[PDB]
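Below sits a lone chain in structure tokens, taken as the form deposited in one PDB entry.
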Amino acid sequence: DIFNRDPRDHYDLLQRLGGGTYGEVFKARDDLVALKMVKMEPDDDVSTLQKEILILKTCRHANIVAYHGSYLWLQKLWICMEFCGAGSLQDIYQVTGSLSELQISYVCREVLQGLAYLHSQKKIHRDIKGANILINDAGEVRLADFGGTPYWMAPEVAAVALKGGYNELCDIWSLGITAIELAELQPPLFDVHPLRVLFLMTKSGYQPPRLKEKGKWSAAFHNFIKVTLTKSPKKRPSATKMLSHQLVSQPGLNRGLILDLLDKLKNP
């Protein structure tokens, strides 16, 4: 059901939230939602999204931003989703400064619960980072679902153009980098040219990154980083396995840690 009704018949529009990497997004009410709007242009064909649309509606979990349905009404696709009033962790840390280890430990647990669920549906997130971890005003954590010609490509080039070949354990690596990003306000190598990073990561002598200040963080955090950032995908622990890790299975982790962060945000 890709409705054609006009969003403005089910929802009142409240404030525009987008810009930057997020594009055009609206706060709205029925229950508060986000409406992301994409301008459909000439050769555009909604039916080519068919595949990546069913992947959304049937992916239902507390730690995954809920997808409520789409609209084409008038040259524009509108995706209606669970509203997260505080935006991304990147929106937040750009104001509050670095998260505490306990805040990061709660975020990691909630993300790993979401990743365990996506991996169970044979979905790979592919884009874990501060910008794609959303926070609601209750301090709860939700993973955001964003996203030349092929006419001459061999079918094996086409397969890679889509998939990659790699598997869901790439999300575990991205979570490690995100944990460092939440601690230090940038991923490792952020000041290094992207091409150079690709080449360096590609060497067999590449050292996985680390937390810069050793003394600031518990051995459990250093160990969480060391194991999430396992070079070999074959020895890298799963989401489910990572959720028994000391850092994320410690008691005291709850949304209070984030309500704190949100107080600090509006009272900086």
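In this text, rigid core is short for the largest set of C-alphas that superpose within 1.5 Å between two forms. Just count from 1 along the sequence shown to find any residue number.
The next section is about a form of this same protein that is not shown, the form deposited in another entry.
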Quiz item: Which of these moves by 2 angstroms or more at the C-alpha between this form and the one not shown, core superposed: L211, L49, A66, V227?
Solution: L49
Exercise. Return yes or no for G20: a CA shift of at least 2 Å between this form and the one not shown, with the rigid core superposed?
Key: yes
Quiz item: Is there a C-alpha shift of 2 Å or more at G97 between this form and the one not shown once the rigid core is superposed?
Solution: no
Practice problem: Note yes or no: does the Cα of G164 move by 2 Å or more between this form and the one not shown after the core is superposed? | Solution: yes
Quiz item: Given that the distance between the C-alpha atoms of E156 and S232 changes by 3 Å or more in the other form, do they end up closer or farther than here?
Solution: closer
Quiz item: Would one find the Cα atoms of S232 and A158 closer or farther in the other form than in this form, where their distance changes by 3 Å or more?
Solution: closer
